[PDB]
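Presented below, as structure tokens, is a lone chain in the form deposited in one PDB entry.
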């Protein structure tokens, strides 16, 4: 759970405001890092930043940026220049319900920006930094849809797959070096986004009981940092992926993922 001496003074949470991003901010601060917190809700980030400073006694820097827009990465670069950087996590995602043809191009472009372009610009920039000082850590967040595909939300699984395989490559590249990289692939996790799908009564409560908390996802990711390259958070999600991979065709998995919308 220690980060500051091993990796660096400051860690950067790209999509920090709530949910998994907030859990990352608390976790790195508990590990001795000062926190650069990036997100769209500047006021909410300021409130979080104050809680982090109070609870953990580290410094904070709030950066307002929207990863769906061109130049979001470059704004973050400017805001961190001069800091001793030790950690990055790409947490934000964007998805949008619809068949490929039913989603407008401007929405497709936004998803390319959040899940691919902003992602990679950040990953490249901070890897240049970490690799050059031979110390640093990256934990990027992927999704089980990056493994399964996401019918009726296609670009979501696509962009999370890009994150997954780019981070797996880099993780293997960093073994034996002072930089430690990992991708952690989430399933259902108790963030506001998730909670938005849940009807009030037992129809929602049943899901609460099988979802993971953001804290446990983050704790597992740090436990395995530097030892495992590609981790699926929670035993149940790991086992599920293995079962699909070992015992089913690719098409069986894909058709199963379409269950809500077809038969």
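Residues that one form lacks are left out of the comparison. Numbering follows the first chain given and starts at 1. Rigid core (definition): largest C-alpha set, two forms, superposition within 1.5 Å.
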{"property": "Stretch with the greater mean C-alpha B-factor as recorded in the entry, comparing 49 to 57 against 30 to 38", "result": "49 to 57"}
{"property": "126 to 134 or 154 to 162, whichever carries the higher mean Cα B-factor", "result": "126 to 134"}
{"property": "Identity of residue with top Cα B-factor, from 181, 72, 92, 120", "result": "72"}
{"property": "Out of 68, 237, 230, 196, highest CA B-factor residue", "result": "196"}
{"property": "Residue 86 - which third its CA temperature factor falls in, relative to the rest of the chain", "result": "middle"}
{"property": "Ranked against its chain, the third holding the CA B-factor of residue 18", "result": "highest"}
{"property": "For residue 167, the third of its chain into which the C-alpha B factor falls", "result": "lowest"}
{"property": "Modelled-residue ranking by C-alpha temperature factor, third containing residue 192", "result": "highest"}
{"property": "Residue 98, C-alpha B-factor rank within chain (lowest, middle or highest third)", "result": "lowest"}
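We do not show the form deposited in another entry, though everything after this point is about it.
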query	finding
Flagged residue of 51, 43, 219, 205 - C-alpha shift reaching 2 Å or more between the shown form and the other one, core superposed	205
Rigid core superposed: residue 192 CA moves 2 Å or more between the shown form and the other one	yes
Sense of CA distance change between residue 248 and residue 209 in that other deposited form, threshold 3 Å	closer
Segments of at least three residues whose Cα atoms shift by 2 Å or more between the shown form and the other one, after superposing on the rigid core	192 to 206, 208 to 210
